[PDB]
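Below: the structure, in structure tokens.
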Number of protein chains: 2
Amino acid sequence: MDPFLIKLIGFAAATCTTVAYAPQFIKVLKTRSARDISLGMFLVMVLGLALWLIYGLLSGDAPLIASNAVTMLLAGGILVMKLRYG
Amino acid sequence: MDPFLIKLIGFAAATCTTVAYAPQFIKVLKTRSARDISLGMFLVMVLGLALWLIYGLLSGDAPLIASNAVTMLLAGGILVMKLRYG
């Protein structure tokens, strides 16, 4: 059978990491401004998440795919992006 | 055989994500101060990385383990932690 059980453990660990950093997203979200975060960074960051999506599909893992989507949600960065617009 | 080849692709993707966010670490590192980053966040963040280490060992994956260590290096956060000390 597939290592579905193993992936389950990884999913919990992945969420734990996002939960730890998530508070950081909220703090910046309160001001909706990027002080040290550059606009170009967002463009590259998107590629990183995009790659994870493909990797999950290639691995046929569902947990990893769902985890990646959740991380992107918390990551946001879109609100601050609208600060300079475009 | 083990999905070593598949893990290789995931490794490249993992590095791409760290490379995208890495610039963020450098920006804050220049000031060595945490403006929106709380001290308690670092404590939780450590647990997240720690979990990844165990997951890699349980999965018997080498690439994932190495990737996790690299991410932690870029993540740093220690320099800013010394700002308030303890």
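As shown in the structure tokens, the chain order sets the letters A, B, ...; within each chain, residues go from 1, and ligands are also counted from 1 in the order they appear.
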
Exercise. When the cut-off is 7 Å and we count only C-alpha atoms, which residues of chain B are near chain A, given as a list in words?
Worked result: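 In the required form, that comes to residues 10, 13, 16, 17, 20, 21, 24, 27, 28, 36, 37, 41, 44, 45, 48, 49, 51, 52 and 55 of chain B.
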
Resulting file, chosen residues, C-alpha atoms, as an mmCIF file, in the first residue's frame:
```cif
data_model
loop_
_atom_site.group_PDB
_atom_site.id
_atom_site.type_symbol
_atom_site.label_atom_id
_atom_site.label_comp_id
_atom_site.auth_asym_id
_atom_site.auth_seq_id
_atom_site.Cartn_x
_atom_site.Cartn_y
_atom_site.Cartn_z
ATOM 1 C CA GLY B 10 10.883 17.852 -4.029
ATOM 2 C CA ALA B 13 11.251 22.770 -4.990
ATOM 3 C CA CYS B 16 13.243 27.330 -4.424
ATOM 4 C CA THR B 17 10.805 28.311 -1.681
ATOM 5 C CA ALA B 20 12.350 33.160 -2.473
ATOM 6 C CA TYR B 21 11.797 33.973 1.210
ATOM 7 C CA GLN B 24 13.354 38.495 3.599
ATOM 8 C CA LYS B 27 16.508 42.361 5.040
ATOM 9 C CA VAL B 28 15.676 41.901 8.718
ATOM 10 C CA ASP B 36 6.642 42.481 14.032
ATOM 11 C CA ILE B 37 8.262 39.195 15.018
ATOM 12 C CA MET B 41 7.062 32.997 17.942
ATOM 13 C CA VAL B 44 7.057 27.763 18.571
ATOM 14 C CA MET B 45 8.948 28.010 15.287
ATOM 15 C CA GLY B 48 7.977 23.177 13.830
ATOM 16 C CA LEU B 49 11.486 22.586 12.482
ATOM 17 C CA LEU B 51 9.069 18.018 13.903
ATOM 18 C CA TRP B 52 10.325 18.125 10.329
ATOM 19 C CA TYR B 55 9.487 13.254 9.989
#
```

Superimpose chain B on chain A so that the squared distances between all in-order C-alpha pairs are minimised, and send the result as a CSV table (one decimal) with N, CA and C atoms, in the first residue's frame.
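Here's the written file selection_4.csv:
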```
chain,number,residue,atom,x,y,z
B,1,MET,N,0.9,-1.2,0.0
B,1,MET,CA,0.0,0.0,0.0
B,1,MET,C,0.9,1.2,0.0
B,2,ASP,N,0.3,2.4,-0.2
B,2,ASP,CA,1.0,3.7,-0.2
B,2,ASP,C,1.3,4.1,1.2
B,3,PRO,N,2.4,4.9,1.4
B,3,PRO,CA,2.7,5.4,2.7
B,3,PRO,C,1.8,6.5,3.2
B,4,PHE,N,0.5,6.3,3.1
B,4,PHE,CA,-0.5,7.3,3.5
B,4,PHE,C,-0.4,7.6,4.9
B,5,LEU,N,-0.2,6.6,5.8
B,5,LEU,CA,0.0,6.8,7.2
B,5,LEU,C,1.1,7.7,7.5
B,6,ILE,N,2.2,7.5,6.8
B,6,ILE,CA,3.4,8.3,7.1
B,6,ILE,C,3.1,9.8,6.7
B,7,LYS,N,2.5,10.0,5.6
B,7,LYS,CA,2.1,11.3,5.1
B,7,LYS,C,1.3,12.0,6.1
B,8,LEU,N,0.4,11.3,6.8
B,8,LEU,CA,-0.4,11.9,7.8
B,8,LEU,C,0.4,12.6,8.9
B,9,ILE,N,1.4,11.9,9.3
B,9,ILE,CA,2.3,12.5,10.3
B,9,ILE,C,3.0,13.8,9.8
B,10,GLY,N,3.4,13.7,8.6
B,10,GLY,CA,4.1,14.9,8.0
B,10,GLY,C,3.1,16.1,7.9
B,11,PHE,N,1.8,15.8,7.6
B,11,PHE,CA,0.8,16.8,7.5
B,11,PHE,C,0.7,17.6,8.8
B,12,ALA,N,0.6,16.8,9.9
B,12,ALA,CA,0.5,17.5,11.2
B,12,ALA,C,1.7,18.3,11.5
B,13,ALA,N,2.9,17.9,11.1
B,13,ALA,CA,4.1,18.6,11.3
B,13,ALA,C,4.1,19.9,10.5
B,14,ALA,N,3.7,19.8,9.2
B,14,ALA,CA,3.6,20.9,8.3
B,14,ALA,C,2.7,22.0,8.9
B,15,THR,N,1.6,21.6,9.4
B,15,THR,CA,0.6,22.6,10.0
B,15,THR,C,1.2,23.2,11.3
B,16,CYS,N,2.0,22.5,12.0
B,16,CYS,CA,2.6,23.0,13.2
B,16,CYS,C,3.6,24.1,12.9
B,17,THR,N,4.3,24.0,11.8
B,17,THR,CA,5.2,25.0,11.3
B,17,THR,C,4.5,26.3,10.9
B,18,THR,N,3.4,26.1,10.1
B,18,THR,CA,2.6,27.2,9.6
B,18,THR,C,1.9,27.9,10.8
B,19,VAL,N,1.5,27.1,11.8
B,19,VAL,CA,0.8,27.7,13.0
B,19,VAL,C,1.8,28.6,13.8
B,20,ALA,N,3.1,28.1,13.8
B,20,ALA,CA,4.1,28.9,14.5
B,20,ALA,C,4.4,30.2,13.9
B,21,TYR,N,4.5,30.2,12.6
B,21,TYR,CA,4.8,31.4,11.8
B,21,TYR,C,3.6,32.2,11.5
B,22,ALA,N,2.4,31.6,11.5
B,22,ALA,CA,1.2,32.2,11.2
B,22,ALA,C,1.0,33.5,12.0
B,23,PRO,N,1.2,33.5,13.3
B,23,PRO,CA,1.2,34.8,14.1
B,23,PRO,C,1.9,35.9,13.5
B,24,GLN,N,3.0,35.6,12.8
B,24,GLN,CA,3.8,36.6,12.1
B,24,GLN,C,3.0,37.3,11.0
B,25,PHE,N,2.2,36.5,10.3
B,25,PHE,CA,1.4,37.0,9.2
B,25,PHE,C,0.3,37.9,9.7
B,26,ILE,N,-0.3,37.6,10.9
B,26,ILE,CA,-1.3,38.4,11.5
B,26,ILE,C,-0.8,39.7,11.9
B,27,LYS,N,0.4,39.7,12.5
B,27,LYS,CA,1.1,41.0,12.9
B,27,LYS,C,1.2,42.0,11.8
B,28,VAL,N,1.8,41.5,10.7
B,28,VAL,CA,1.9,42.4,9.5
B,28,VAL,C,0.6,42.7,8.9
B,29,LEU,N,-0.3,41.8,8.9
B,29,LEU,CA,-1.6,42.0,8.3
B,29,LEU,C,-2.4,43.1,9.0
B,30,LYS,N,-2.1,43.3,10.3
B,30,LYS,CA,-2.8,44.3,11.1
B,30,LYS,C,-2.4,45.7,10.5
B,31,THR,N,-1.2,45.9,10.0
B,31,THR,CA,-0.8,47.1,9.4
B,31,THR,C,-1.0,47.1,7.9
B,32,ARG,N,-1.1,45.9,7.3
B,32,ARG,CA,-1.3,45.7,5.9
B,32,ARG,C,-0.3,46.5,5.1
B,33,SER,N,1.0,46.4,5.6
B,33,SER,CA,2.1,47.1,5.0
B,33,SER,C,3.3,46.3,5.0
B,34,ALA,N,4.1,46.3,4.0
B,34,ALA,CA,5.4,45.5,4.0
B,34,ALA,C,6.6,46.4,4.2
B,35,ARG,N,7.1,46.4,5.4
B,35,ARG,CA,8.3,47.2,5.8
B,35,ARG,C,9.6,46.7,5.2
B,36,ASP,N,9.9,45.4,5.5
B,36,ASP,CA,11.1,44.8,5.0
B,36,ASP,C,10.9,43.8,3.9
B,37,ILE,N,9.6,43.5,3.6
B,37,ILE,CA,9.2,42.6,2.5
B,37,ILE,C,9.2,43.4,1.2
B,38,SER,N,10.0,42.9,0.3
B,38,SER,CA,10.1,43.6,-1.1
B,38,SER,C,9.0,43.0,-2.0
B,39,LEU,N,8.5,43.8,-2.9
B,39,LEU,CA,7.5,43.4,-3.9
B,39,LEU,C,8.0,42.2,-4.7
B,40,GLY,N,9.2,42.3,-5.2
B,40,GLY,CA,9.7,41.2,-6.0
B,40,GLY,C,9.7,39.9,-5.3
B,41,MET,N,9.9,39.9,-4.0
B,41,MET,CA,9.9,38.7,-3.2
B,41,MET,C,8.6,37.9,-3.4
B,42,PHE,N,7.5,38.7,-3.4
B,42,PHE,CA,6.2,38.0,-3.6
B,42,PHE,C,6.2,37.2,-4.9
B,43,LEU,N,6.7,37.8,-6.0
B,43,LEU,CA,6.7,37.1,-7.3
B,43,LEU,C,7.5,35.8,-7.2
B,44,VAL,N,8.6,35.8,-6.6
B,44,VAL,CA,9.4,34.6,-6.4
B,44,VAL,C,8.7,33.6,-5.5
B,45,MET,N,8.1,34.1,-4.4
B,45,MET,CA,7.5,33.3,-3.4
B,45,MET,C,6.4,32.5,-4.1
B,46,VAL,N,5.7,33.1,-5.0
B,46,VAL,CA,4.6,32.4,-5.7
B,46,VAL,C,5.1,31.2,-6.4
B,47,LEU,N,6.3,31.3,-7.1
B,47,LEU,CA,6.9,30.2,-7.8
B,47,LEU,C,7.1,29.0,-6.9
B,48,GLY,N,7.6,29.4,-5.7
B,48,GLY,CA,7.9,28.3,-4.7
B,48,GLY,C,6.7,27.5,-4.4
B,49,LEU,N,5.6,28.2,-4.1
B,49,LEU,CA,4.4,27.5,-3.7
B,49,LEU,C,3.9,26.7,-5.0
B,50,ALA,N,4.0,27.3,-6.1
B,50,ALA,CA,3.5,26.6,-7.3
B,50,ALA,C,4.3,25.3,-7.5
B,51,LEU,N,5.6,25.3,-7.3
B,51,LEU,CA,6.4,24.1,-7.4
B,51,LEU,C,5.9,23.0,-6.4
B,52,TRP,N,5.5,23.4,-5.2
B,52,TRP,CA,5.0,22.5,-4.2
B,52,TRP,C,3.8,21.8,-4.7
B,53,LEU,N,2.9,22.5,-5.4
B,53,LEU,CA,1.7,22.0,-5.9
B,53,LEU,C,1.9,20.9,-6.9
B,54,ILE,N,2.9,21.1,-7.8
B,54,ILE,CA,3.2,20.1,-8.8
B,54,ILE,C,3.9,18.9,-8.1
B,55,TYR,N,4.7,19.1,-7.2
B,55,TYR,CA,5.4,18.0,-6.5
B,55,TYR,C,4.3,17.1,-5.8
B,56,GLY,N,3.4,17.7,-5.2
B,56,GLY,CA,2.3,17.0,-4.5
B,56,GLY,C,1.6,16.1,-5.5
B,57,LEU,N,1.2,16.7,-6.7
B,57,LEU,CA,0.5,15.9,-7.7
B,57,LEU,C,1.4,14.8,-8.2
B,58,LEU,N,2.7,15.0,-8.4
B,58,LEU,CA,3.6,14.0,-8.9
B,58,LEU,C,3.8,12.9,-7.9
B,59,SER,N,3.7,13.3,-6.6
B,59,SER,CA,3.9,12.3,-5.6
B,59,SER,C,2.6,11.6,-5.3
B,60,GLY,N,1.5,12.2,-5.8
B,60,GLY,CA,0.2,11.6,-5.6
B,60,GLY,C,-0.3,11.7,-4.2
B,61,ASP,N,0.4,12.6,-3.4
B,61,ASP,CA,0.0,12.8,-2.0
B,61,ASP,C,-1.1,13.9,-1.9
B,62,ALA,N,-2.1,13.6,-1.1
B,62,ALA,CA,-3.2,14.5,-0.9
B,62,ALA,C,-2.9,15.5,0.2
B,63,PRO,N,-2.4,14.9,1.3
B,63,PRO,CA,-2.1,15.7,2.5
B,63,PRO,C,-1.1,16.9,2.2
B,64,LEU,N,-0.1,16.6,1.5
B,64,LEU,CA,0.9,17.6,1.1
B,64,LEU,C,0.3,18.7,0.3
B,65,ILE,N,-0.6,18.3,-0.6
B,65,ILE,CA,-1.2,19.3,-1.5
B,65,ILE,C,-2.1,20.2,-0.7
B,66,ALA,N,-2.9,19.6,0.2
B,66,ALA,CA,-3.7,20.4,1.1
B,66,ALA,C,-2.9,21.3,2.0
B,67,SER,N,-1.8,20.8,2.6
B,67,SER,CA,-1.0,21.5,3.5
B,67,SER,C,-0.4,22.8,2.7
B,68,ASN,N,0.0,22.6,1.5
B,68,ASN,CA,0.6,23.6,0.7
B,68,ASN,C,-0.4,24.8,0.5
B,69,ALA,N,-1.6,24.4,0.2
B,69,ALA,CA,-2.7,25.4,0.0
B,69,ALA,C,-2.9,26.2,1.2
B,70,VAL,N,-3.0,25.5,2.4
B,70,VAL,CA,-3.2,26.2,3.6
B,70,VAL,C,-2.1,27.2,3.9
B,71,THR,N,-0.8,26.7,3.7
B,71,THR,CA,0.3,27.6,4.0
B,71,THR,C,0.2,28.9,3.2
B,72,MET,N,-0.1,28.7,1.9
B,72,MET,CA,-0.2,29.9,1.1
B,72,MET,C,-1.3,30.9,1.6
B,73,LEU,N,-2.4,30.3,2.1
B,73,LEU,CA,-3.4,31.2,2.7
B,73,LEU,C,-2.9,32.1,3.8
B,74,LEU,N,-2.2,31.4,4.7
B,74,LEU,CA,-1.6,32.2,5.9
B,74,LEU,C,-0.5,33.1,5.4
B,75,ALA,N,0.3,32.6,4.5
B,75,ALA,CA,1.3,33.4,3.9
B,75,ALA,C,0.8,34.8,3.4
B,76,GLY,N,-0.3,34.7,2.8
B,76,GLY,CA,-0.9,36.0,2.2
B,76,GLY,C,0.1,36.8,1.4
B,77,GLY,N,0.4,38.0,1.9
B,77,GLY,CA,1.4,38.8,1.3
B,77,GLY,C,0.7,39.7,0.2
B,78,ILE,N,-0.5,39.3,-0.2
B,78,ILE,CA,-1.3,40.0,-1.2
B,78,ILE,C,-1.7,41.4,-0.7
B,79,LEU,N,-2.1,41.4,0.6
B,79,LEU,CA,-2.6,42.7,1.2
B,79,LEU,C,-1.5,43.8,1.1
B,80,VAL,N,-0.3,43.4,1.5
B,80,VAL,CA,0.8,44.3,1.5
B,80,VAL,C,1.2,44.7,0.0
B,81,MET,N,1.0,43.7,-0.9
B,81,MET,CA,1.3,44.0,-2.3
B,81,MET,C,0.5,45.1,-2.8
B,82,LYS,N,-0.7,45.2,-2.4
B,82,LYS,CA,-1.6,46.3,-2.9
B,82,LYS,C,-1.1,47.6,-2.4
B,83,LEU,N,-0.2,47.6,-1.5
B,83,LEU,CA,0.3,48.9,-0.9
B,83,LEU,C,0.9,49.7,-2.0
B,84,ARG,N,1.7,49.1,-2.9
B,84,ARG,CA,2.3,49.9,-4.0
B,84,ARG,C,1.5,49.6,-5.3
B,85,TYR,N,0.7,48.6,-5.3
B,85,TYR,CA,-0.2,48.3,-6.5
B,85,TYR,C,0.7,48.0,-7.7
B,86,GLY,N,0.5,46.9,-8.3
B,86,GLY,CA,1.3,46.4,-9.4
B,86,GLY,C,2.8,46.2,-9.0
```

For this session: Looking only at alpha helix (DSSP H) from DSSP on the backbone, list the matching residues of chain A as a PyMOL selection string.
Result: chain A and resi 4-31+39-59+62-75+78-81
